[PDB]
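Dumped run11.tsv below, it's TSV, C-alpha atoms (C1' of nucleotides):
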```tsv
chain	number	residue	atom	x	y	z
A	112	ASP	CA	-48.40	-22.14	-38.41
A	113	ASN	CA	-48.48	-25.89	-38.97
A	114	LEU	CA	-46.54	-26.25	-35.68
A	115	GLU	CA	-49.08	-24.24	-33.66
A	116	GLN	CA	-51.88	-26.58	-34.91
A	117	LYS	CA	-49.90	-29.74	-34.08
A	118	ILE	CA	-48.96	-28.29	-30.69
A	119	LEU	CA	-52.64	-27.42	-30.03
A	120	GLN	CA	-53.89	-30.86	-31.23
A	121	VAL	CA	-51.45	-32.63	-28.93
A	122	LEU	CA	-52.51	-30.53	-25.94
A	123	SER	CA	-56.21	-30.96	-26.80
A	124	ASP	CA	-55.94	-34.72	-27.36
A	125	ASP	CA	-54.34	-35.12	-23.93
A	126	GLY	CA	-56.53	-32.56	-22.16
A	127	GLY	CA	-54.19	-32.00	-19.21
A	128	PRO	CA	-50.62	-31.02	-18.47
A	129	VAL	CA	-48.07	-32.18	-20.98
A	130	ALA	CA	-44.33	-32.03	-20.55
A	131	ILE	CA	-42.33	-30.17	-23.15
A	132	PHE	CA	-40.29	-33.29	-23.95
A	133	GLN	CA	-43.51	-35.10	-24.82
A	134	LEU	CA	-44.07	-32.26	-27.39
A	135	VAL	CA	-40.48	-32.72	-28.66
A	136	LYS	CA	-41.20	-36.38	-29.44
A	137	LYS	CA	-44.66	-35.74	-30.92
A	138	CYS	CA	-43.89	-32.60	-32.94
A	139	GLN	CA	-40.26	-33.55	-33.68
A	140	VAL	CA	-38.82	-30.05	-33.35
A	141	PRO	CA	-36.40	-28.66	-30.75
A	142	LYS	CA	-37.63	-27.34	-27.41
A	143	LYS	CA	-36.66	-23.77	-28.43
A	144	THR	CA	-38.99	-23.84	-31.45
A	145	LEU	CA	-41.77	-25.22	-29.26
A	146	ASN	CA	-41.23	-22.72	-26.45
A	147	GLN	CA	-41.26	-19.80	-28.88
A	148	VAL	CA	-44.75	-20.89	-30.03
A	149	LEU	CA	-45.92	-21.95	-26.55
A	150	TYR	CA	-44.98	-18.71	-24.81
A	151	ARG	CA	-46.72	-16.68	-27.51
A	152	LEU	CA	-49.80	-18.92	-27.24
A	153	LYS	CA	-49.86	-18.32	-23.08
A	154	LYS	CA	-49.67	-14.58	-23.92
A	155	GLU	CA	-52.73	-15.02	-26.15
A	156	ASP	CA	-54.30	-17.07	-23.31
A	157	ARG	CA	-54.76	-20.08	-25.64
A	158	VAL	CA	-52.60	-22.31	-23.39
A	159	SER	CA	-51.51	-22.29	-19.72
A	160	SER	CA	-48.30	-23.48	-18.06
A	161	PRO	CA	-49.42	-25.29	-14.82
A	162	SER	CA	-45.79	-25.60	-13.82
A	163	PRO	CA	-42.40	-24.97	-15.43
A	164	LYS	CA	-41.90	-27.25	-18.48
A	165	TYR	CA	-45.60	-28.24	-18.54
A	166	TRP	CA	-48.33	-27.01	-20.86
A	167	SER	CA	-52.08	-27.40	-20.88
A	168	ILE	CA	-54.89	-26.46	-23.19
A	169	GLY	CA	-56.80	-23.26	-22.33
A	170	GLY	CA	-55.72	-20.06	-20.50
B	112	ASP	CA	-7.32	-16.76	-27.37
B	113	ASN	CA	-10.59	-17.80	-28.92
B	114	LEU	CA	-11.51	-14.52	-27.17
B	115	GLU	CA	-10.26	-15.66	-23.80
B	116	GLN	CA	-6.95	-13.77	-23.30
B	117	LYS	CA	-8.44	-10.48	-24.59
B	118	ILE	CA	-11.27	-10.77	-22.02
B	119	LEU	CA	-8.73	-11.61	-19.32
B	120	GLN	CA	-6.48	-8.76	-20.49
B	121	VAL	CA	-9.33	-6.24	-20.52
B	122	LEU	CA	-10.42	-7.19	-17.02
B	123	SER	CA	-6.83	-7.12	-15.86
B	124	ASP	CA	-6.13	-3.59	-17.11
B	125	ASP	CA	-9.33	-2.22	-15.62
B	126	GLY	CA	-8.71	-3.78	-12.18
B	127	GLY	CA	-12.33	-3.45	-11.15
B	128	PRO	CA	-15.80	-4.71	-12.07
B	129	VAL	CA	-16.51	-4.22	-15.79
B	130	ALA	CA	-20.10	-4.14	-17.16
B	131	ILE	CA	-20.86	-6.71	-19.87
B	132	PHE	CA	-21.66	-3.85	-22.27
B	133	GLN	CA	-18.21	-2.28	-21.82
B	134	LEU	CA	-16.96	-5.69	-22.85
B	135	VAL	CA	-19.22	-5.68	-25.93
B	136	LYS	CA	-17.80	-2.34	-27.06
B	137	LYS	CA	-14.21	-3.35	-26.19
B	138	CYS	CA	-14.11	-6.85	-27.73
B	139	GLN	CA	-16.55	-6.03	-30.56
B	140	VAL	CA	-18.38	-9.43	-30.26
B	141	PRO	CA	-21.98	-10.37	-29.26
B	142	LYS	CA	-23.10	-10.58	-25.60
B	143	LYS	CA	-23.89	-14.29	-25.96
B	144	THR	CA	-20.35	-15.15	-27.21
B	145	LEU	CA	-18.80	-13.12	-24.38
B	146	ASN	CA	-21.14	-14.75	-21.79
B	147	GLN	CA	-20.24	-18.23	-23.07
B	148	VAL	CA	-16.56	-17.44	-22.35
B	149	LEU	CA	-17.23	-15.46	-19.16
B	150	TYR	CA	-19.33	-18.16	-17.51
B	151	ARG	CA	-16.73	-20.80	-18.58
B	152	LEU	CA	-14.00	-18.69	-17.01
B	153	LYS	CA	-16.13	-18.22	-13.87
B	154	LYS	CA	-16.53	-21.98	-13.41
B	155	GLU	CA	-12.76	-22.39	-13.87
B	156	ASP	CA	-12.27	-19.74	-11.11
B	157	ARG	CA	-10.54	-17.33	-13.55
B	158	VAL	CA	-13.06	-14.53	-13.27
B	159	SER	CA	-15.98	-13.70	-11.02
B	160	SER	CA	-19.18	-11.83	-11.39
B	161	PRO	CA	-19.50	-9.68	-8.24
B	162	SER	CA	-23.01	-8.47	-9.31
B	163	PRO	CA	-25.35	-9.21	-12.22
B	164	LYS	CA	-23.89	-8.22	-15.55
B	165	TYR	CA	-20.50	-7.21	-14.01
B	166	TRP	CA	-17.26	-9.15	-14.26
B	167	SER	CA	-13.75	-8.84	-12.75
B	168	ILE	CA	-10.46	-10.62	-12.80
B	169	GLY	CA	-9.91	-13.54	-10.43
C	1	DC	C1'	-31.20	-26.05	-16.61
C	2	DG	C1'	-36.59	-23.10	-15.41
C	3	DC	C1'	-34.70	-20.29	-21.15
C	4	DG	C1'	-39.39	-17.97	-24.38
C	5	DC	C1'	-35.06	-13.17	-25.20
C	6	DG	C1'	-37.17	-10.26	-30.44
D	1	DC	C1'	-34.26	-9.33	-20.08
D	2	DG	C1'	-30.85	-11.79	-15.38
D	3	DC	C1'	-29.64	-15.93	-20.31
D	4	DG	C1'	-24.22	-18.83	-19.74
D	5	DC	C1'	-27.71	-23.91	-21.36
D	6	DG	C1'	-23.44	-27.70	-23.55
```
Re-express the file's structure as C-alpha coordinates.
Amino acid sequence: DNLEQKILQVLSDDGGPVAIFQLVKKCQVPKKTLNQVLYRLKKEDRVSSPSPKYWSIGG
Amino acid sequence: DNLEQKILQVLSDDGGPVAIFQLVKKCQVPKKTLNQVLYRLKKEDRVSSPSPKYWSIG
DNA sequence: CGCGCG
DNA sequence: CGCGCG
(Lines of atoms letter the chains of each structure in order from A and count residues from 1; the text may use other names and numbers.)
(Lines give C-alpha, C1' and ligand atoms only; values in the text may rest on other atoms or scores of the structure.)
Protein backbone atom coordinates (compact mmCIF):
# COMPACT_ATOMS: atom_id res chain seq x y z
CA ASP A 1 0.00 0.00 0.00
CA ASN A 2 2.32 2.68 1.34
CA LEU A 3 5.23 0.66 -0.13
CA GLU A 4 3.73 0.55 -3.63
CA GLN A 5 3.44 4.39 -3.60
CA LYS A 6 7.02 4.87 -2.38
CA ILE A 7 8.25 2.32 -4.93
CA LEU A 8 6.30 4.13 -7.69
CA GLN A 9 7.52 7.61 -6.57
CA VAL A 10 11.13 6.45 -6.62
CA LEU A 11 10.76 4.98 -10.11
CA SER A 12 8.91 8.08 -11.35
CA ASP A 13 11.40 10.53 -9.82
CA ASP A 14 14.26 8.73 -11.57
CA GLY A 15 12.39 8.08 -14.83
CA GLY A 16 14.65 5.27 -16.03
CA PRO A 17 15.99 1.92 -14.90
CA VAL A 18 16.63 1.60 -11.20
CA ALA A 19 18.47 -1.23 -9.53
CA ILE A 20 16.67 -3.14 -6.83
CA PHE A 21 19.38 -2.29 -4.29
CA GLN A 22 18.72 1.39 -4.91
CA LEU A 23 15.08 0.62 -3.88
CA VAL A 24 16.36 -1.24 -0.78
CA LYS A 25 18.20 1.90 0.35
CA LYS A 26 15.37 4.30 -0.52
CA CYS A 27 12.42 2.24 0.73
CA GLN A 28 14.35 0.55 3.55
CA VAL A 29 12.71 -2.86 3.21
CA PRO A 30 14.23 -6.19 2.12
CA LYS A 31 14.53 -7.12 -1.54
CA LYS A 32 11.89 -9.88 -1.09
CA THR A 33 9.26 -7.37 0.05
CA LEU A 34 10.14 -5.13 -2.88
CA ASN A 35 10.12 -7.93 -5.44
CA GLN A 36 6.73 -9.16 -4.25
CA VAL A 37 5.29 -5.69 -4.99
CA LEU A 38 7.38 -5.13 -8.14
CA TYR A 39 6.45 -8.40 -9.81
CA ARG A 40 2.76 -7.79 -9.13
CA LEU A 41 3.09 -4.23 -10.48
CA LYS A 42 4.86 -5.73 -13.97
CA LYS A 43 1.85 -8.10 -14.13
CA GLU A 44 -0.44 -5.05 -13.93
CA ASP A 45 1.82 -3.39 -16.54
CA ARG A 46 2.50 -0.44 -14.19
CA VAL A 47 6.27 -1.09 -14.23
CA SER A 48 8.73 -2.88 -16.57
CA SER A 49 11.93 -4.79 -15.83
CA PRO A 50 14.44 -3.71 -18.57
CA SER A 51 16.86 -6.32 -17.30
CA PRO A 52 17.10 -8.65 -14.32
CA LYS A 53 17.30 -6.66 -11.04
CA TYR A 54 16.28 -3.40 -12.77
CA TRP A 55 12.91 -1.67 -12.73
CA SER A 56 11.46 1.21 -14.69
CA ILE A 57 8.27 3.19 -14.62
CA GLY A 58 5.59 2.17 -17.16
CA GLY A 59 4.80 -1.20 -18.82
CA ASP B 1 20.93 -35.29 12.45
CA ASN B 2 19.34 -31.89 12.15
CA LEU B 3 17.53 -33.90 9.43
CA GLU B 4 20.72 -34.95 7.72
CA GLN B 5 21.16 -38.64 8.67
CA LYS B 6 17.46 -39.42 8.06
CA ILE B 7 17.75 -37.97 4.53
CA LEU B 8 20.96 -39.93 3.99
CA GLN B 9 19.34 -43.06 5.44
CA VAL B 10 16.23 -42.73 3.27
CA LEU B 11 18.29 -42.29 0.12
CA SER B 12 20.51 -45.17 1.15
CA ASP B 13 17.66 -47.65 1.65
CA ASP B 14 16.02 -46.72 -1.64
CA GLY B 15 19.26 -47.08 -3.65
CA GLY B 16 17.92 -45.05 -6.54
CA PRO B 17 16.73 -41.54 -7.40
CA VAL B 18 14.06 -40.34 -4.95
CA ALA B 19 11.62 -37.51 -5.85
CA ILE B 20 11.64 -34.53 -3.47
CA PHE B 21 7.96 -35.21 -2.71
CA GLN B 22 8.67 -38.78 -1.57
CA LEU B 23 11.10 -37.12 0.79
CA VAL B 24 8.41 -34.69 2.01
CA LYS B 25 6.08 -37.58 2.85
CA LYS B 26 8.91 -39.66 4.39
CA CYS B 27 10.61 -36.99 6.54
CA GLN B 28 7.39 -35.05 7.25
CA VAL B 29 9.12 -31.61 6.85
CA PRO B 30 8.67 -28.75 4.31
CA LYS B 31 10.28 -28.84 0.83
CA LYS B 32 12.35 -25.74 1.61
CA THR B 33 13.91 -27.30 4.76
CA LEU B 34 14.70 -30.50 2.85
CA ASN B 35 16.18 -28.51 -0.10
CA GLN B 36 18.36 -26.48 2.29
CA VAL B 37 19.88 -29.77 3.54
CA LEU B 38 19.88 -31.49 0.14
CA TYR B 39 21.72 -28.69 -1.66
CA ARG B 40 24.21 -28.48 1.28
CA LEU B 41 24.81 -32.20 1.01
CA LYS B 42 25.18 -31.89 -2.79
CA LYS B 43 27.91 -29.26 -2.44
CA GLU B 44 29.68 -31.49 0.11
CA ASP B 45 29.50 -34.35 -2.49
CA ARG B 46 27.28 -36.48 -0.19
CA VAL B 47 24.30 -36.64 -2.49
CA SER B 48 23.58 -35.77 -6.10
CA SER B 49 20.59 -34.67 -8.03
CA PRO B 50 20.61 -36.73 -11.25
CA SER B 51 17.58 -34.79 -12.63
CA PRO B 52 15.47 -31.86 -11.41
CA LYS B 53 13.65 -32.62 -8.21
CA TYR B 54 15.30 -36.08 -7.82
CA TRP B 55 18.03 -37.00 -5.36
CA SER B 56 20.22 -40.06 -4.71
CA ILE B 57 22.97 -41.17 -2.41
CA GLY B 58 26.56 -40.28 -3.28
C1' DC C 1 22.36 -15.44 -6.95
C1' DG C 2 18.45 -13.95 -11.59
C1' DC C 3 14.24 -15.55 -6.68
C1' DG C 4 8.71 -12.92 -7.26
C1' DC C 5 6.85 -18.88 -5.43
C1' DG C 6 1.01 -17.89 -3.14
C1' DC D 1 7.25 -23.39 -10.03
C1' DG D 2 13.08 -25.44 -11.28
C1' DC D 3 13.91 -22.19 -5.66
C1' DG D 4 18.76 -24.23 -2.41
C1' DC D 5 19.89 -17.98 -1.76
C1' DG D 6 23.35 -17.86 3.27
Checklist entry - Within 9 Å of chain B, which residues of chain D show up when using only C-alpha atoms (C1' of nucleotides), listed as a count of residues only? => result 3
Checklist entry - Any idea what the distance is between atom CA of residue 155 of chain B and atom CA of residue 167 of chain B? => result 13.6 Å
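Here atom CA of residue 112 of chain A is placed at a distance of 15.7 Å from atom CA of residue 141 of chain A.
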Checklist entry - Within 10 Å of chain C, which residues of chain A show up when using all atoms listed in the file, listed as JSON, numbers by chain? => result {"A": [142, 143, 144, 145, 146, 147, 148, 149, 150, 151, 162, 163, 164]}
Neighbours of segment 167-170 of chain A within 6 Å (only C-alpha atoms (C1' of nucleotides); same-chain residues fewer than 6 positions away dropped), as a JSON list (two decimals) with C-alpha atoms, keeping the file's coordinate frame?
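Output file out_21.json follows:
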```json
[["chain", "number", "residue", "atom", "x", "y", "z"],
["A", 122, "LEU", "CA", -52.51, -30.53, -25.94],
["A", 123, "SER", "CA", -56.21, -30.96, -26.80],
["A", 127, "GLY", "CA", -54.19, -32.00, -19.21],
["A", 128, "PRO", "CA", -50.62, -31.02, -18.47],
["A", 156, "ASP", "CA", -54.30, -17.07, -23.31],
["A", 157, "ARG", "CA", -54.76, -20.08, -25.64],
["A", 158, "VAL", "CA", -52.60, -22.31, -23.39],
["A", 159, "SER", "CA", -51.51, -22.29, -19.72]]
```
Item to check | One-decimal distance in Å that lies between atom CA of residue 141 of chain B and atom CA of residue 152 of chain A | outcome: 29.2 Å
Next on the checklist: From the options A:153, A:118, A:124, A:161, which residue's atoms come nearest to residue 136 of chain A, counting all atoms listed in the file?
Outcome noted: A:118
Box for segment 124-135 of chain B: with edges along x, y and z, all listed atoms inside and 6 Å added on each side, what are the centre and edge lengths in Å to one decimal, as AutoDock Vina command-line options?
```
--center_x -13.9 --center_y -4.5 --center_z -18.5 --size_x 27.5 --size_y 16.5 --size_z 26.8
```
